[PDB]
Each structure stands twice: as structure tokens, then as C-alpha cells.
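Read off the chains here:
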Amino acid sequence: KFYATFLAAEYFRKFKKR
Amino acid sequence: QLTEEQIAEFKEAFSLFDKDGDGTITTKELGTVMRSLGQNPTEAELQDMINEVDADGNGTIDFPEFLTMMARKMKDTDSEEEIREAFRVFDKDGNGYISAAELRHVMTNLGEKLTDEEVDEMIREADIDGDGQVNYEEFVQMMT
Ligand SMILES: [Ca+2]
Ligand SMILES: [Ca+2]
Ligand SMILES: [Ca+2]
Ligand SMILES: [Ca+2]
């Protein structure tokens, strides 16, 4: 689940964006 | 190819598992994070997960090994298995819908404390049909 955890953080970053 | 920033994000991820910052992820540390993600892997399961990444077979994952694996999966933009895995991490009760509480739980684990409004906004951002939850179809679009 290493990459899945990275993706979860990706969901967040994109959110913090625009 | 990997950029300076990409490696930064991957180091963030690596640190989430390498709690003691000794440069290696052990099955013990992986178990701690997996249990924080709603899983309950057996030691055999954890060993298999470490093995897939532990290229030199010394029983643990170092940063170079972690980076190699993360860079490879990122290059497979055509793969959906990683997205399916992420969805399952969020969807703890397995009902096919990510609820506000389920999303908050994962974010809290990542060290991101969100207010109820921020959580609802995160849901809303992916919640195309507006039912208050994120299904798989909605999750994919959000991720892709
Ligand atoms: Ca460690
Ligand atoms: Ca190793
Ligand atoms: Ca659910
Ligand atoms: Ca929905």
C-alpha cells in the first residue's frame, strides 16, 4: 500500500491547489 | 523521468513509514501504518509486501528501493490497480462509497487535520452526483 498512500496524499495536494 | 519535486513527494511518503527515520522500512513499521489505514495484515502478508520492493533481499526497504518502485508505478499512467488500491484504503467499510468520515480518517493519518467544512469540501470536489459520498467512478475521475 506504499503507492496507495502516496495517492491519498495526491488527492490532498490537488485539493490544496486551485 | 523523476523531477526534484517528485523525489520530494516520495520522500514524504517514505517518511510516513520510516517512523524512526533510520533510513529503512521494516515489516514492523509497515504493519503500524497498514493498521492505521484500516488493514490488519498478518506477518506473512507484511513480509510479502516488503519482499516485492526489497530488491537486494536484506529484509527491509531503503530509500533507493522505495524510489525505484514508486517511480515505476508512477510511469504506468495506464494502470488502474493502484487507484483501486487507494480506493480500498479510503473505503474502510467496503460499501463502495467513501464517506466524509472515511476521507477524514485517511487525511488524519497523513498528518492533515481538517475541519468538518474542509472535509465536506474535499468530498464535494469529487462528488459528481452530489449524494454526499465518493464512489469509485467519482474517485477515478478525481485522481485522473
Ligand atoms: Ca525505520
Ligand atoms: Ca533492501
Ligand atoms: Ca465506505
Ligand atoms: Ca457521489
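Its PDB header attributes the entry to X-ray crystallography and lists the resolution as 1.600 Å.

*Asks:* Honestly, the domain arrangement of chain B in this entry has me stumped. Any pointers?
*Replies:* Interfaces are frequently sized by the accessible area removed from exposure as the parts join. Residues and elements named next belong to chain B. Under the domain assignment used here, chain B contains domain 1 (3-76) and domain 2 (77-144). Look at where the C-alpha atoms of domain 1 and domain 2 centre, and you get two points 22 Å apart. The interface is formed by 8 residues belonging to domain 1 together with 9 residues belonging to domain 2. Both sides of the domain 1 and domain 2 interface together cover about 710 Å² of buried area, and 53% of this is carbon and sulfur. For the domain 1 face of the interface with domain 2, the top three residues by lost area are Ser36, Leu37 and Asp76, together amounting to 61%.

*Asks:* Mind showing me how you'd approach the UniProt feature "binding site: Ca(2+) 4" in chain B here?
*Replies:* All names here are of chain B. Mapped onto the present numbering, the UniProt feature "binding site: Ca(2+) 4" falls at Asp127, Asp129, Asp131, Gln133 and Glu138. On the secondary structure map, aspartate 127 appears in the loop between α7 (116-126) and β4 (134-135). For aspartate 127, a relative accessible area of 10% corresponds to the buried category. Once residues lying within four places of it in the same chain are set aside, the contact partners of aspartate 127 are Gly132, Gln133, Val134 and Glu138. Tracing the chain through its elements places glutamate 138 in helix α8 (residues 136-143). The exposure class assigned to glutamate 138 is buried, which follows from its relative accessible area of 5%. Other than its neighbours up to four places away in sequence, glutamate 138 contacts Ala126, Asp127, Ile128, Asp129 and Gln133.

*Asks:* How do you make sense of the coordination of the calcium ion (ligand 2) when you look at a structure like this?
*Replies:* A metal bound by six donors in octahedral fashion has ideal angles of 90 or 180 degrees, whereas one bound by four tetrahedral donors has an ideal angle of 109.5 degrees. Residues and elements named next belong to chain B. Within the protein, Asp54 (OD), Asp56 (OD), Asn58 (OD1), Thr60 (O), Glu65 (OE) and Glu65 (OE) serve as the donor atoms for the calcium ion (ligand 2), at 2.2 to 2.6 Å. Coordination at the calcium ion (ligand 2) is irregular, judged from the 6 donor atoms that bind it and the angles of 52 to 157° they form at the metal. Note on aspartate 54: relative accessible area 7%, which makes it buried.

*Asks:* Can you help me understand the UniProt feature "binding site: Ca(2+) 1" in chain B in this one?
*Replies:* Residue and element names in this part refer to chain B. Those places that UniProt annotates as "binding site: Ca(2+) 1" correspond, in this numbering, to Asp18, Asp20, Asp22, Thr24 and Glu29. In this structure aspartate 20 comes out as exposed when scored by relative accessible area, which is 54%. Here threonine 24 lies in strand β1 (residues 24-25). Discounting chain neighbours no more than four positions away, the residues touching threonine 24 are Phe14, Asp18, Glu29, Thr60, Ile61 and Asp62.

Quick notes on the rules
- Per chain, the count goes from 1 following the written sequence and can depart from the entry's numbering; residues without coordinates do not appear at all.
- Throughout, the order in which chains and ligands are written sets their labels, letters from A for the former and numbers from 1 for the latter.
- In computing side-chain values, all of the structure's heavy atoms are included and hydrogens and water are not.
- Note that the domain bounds were set by an automatic or database domain assignment.
- In this description, contact between two residues means that some pair of their heavy atoms is separated by no more than 4.5 Å.
- Buried area: the accessible area, evaluated with a 1.4 Å probe, that two parts lose upon being put together, summed over both parts.
- UniProt positions are given in the numbering used here, feature names are shortened, and annotations may be inferred rather than shown by experiment.
- Secondary structure elements follow DSSP: runs of H or I no shorter than four residues count as helices, runs of E no shorter than two count as strands, and numbering proceeds from the N terminus.
- With a 1.4 Å probe rolled over the protein chains alone, any residue whose accessible area is under 20% of its type maximum counts as buried; one over 50% counts as exposed, and the rest are partly exposed.
- As a rule, N, O and S atoms within 2.8 Å of a metal are its donors, except that Na, K and Ca use 3.2 Å; water is not among the atoms, so sites may look incomplete.
- Only four donors with every angle between 85 and 135 degrees are called tetrahedral; only four or six donors with opposite donors over 155 degrees apart and all others between 65 and 115 are called square planar or octahedral, in that order; all others are irregular.

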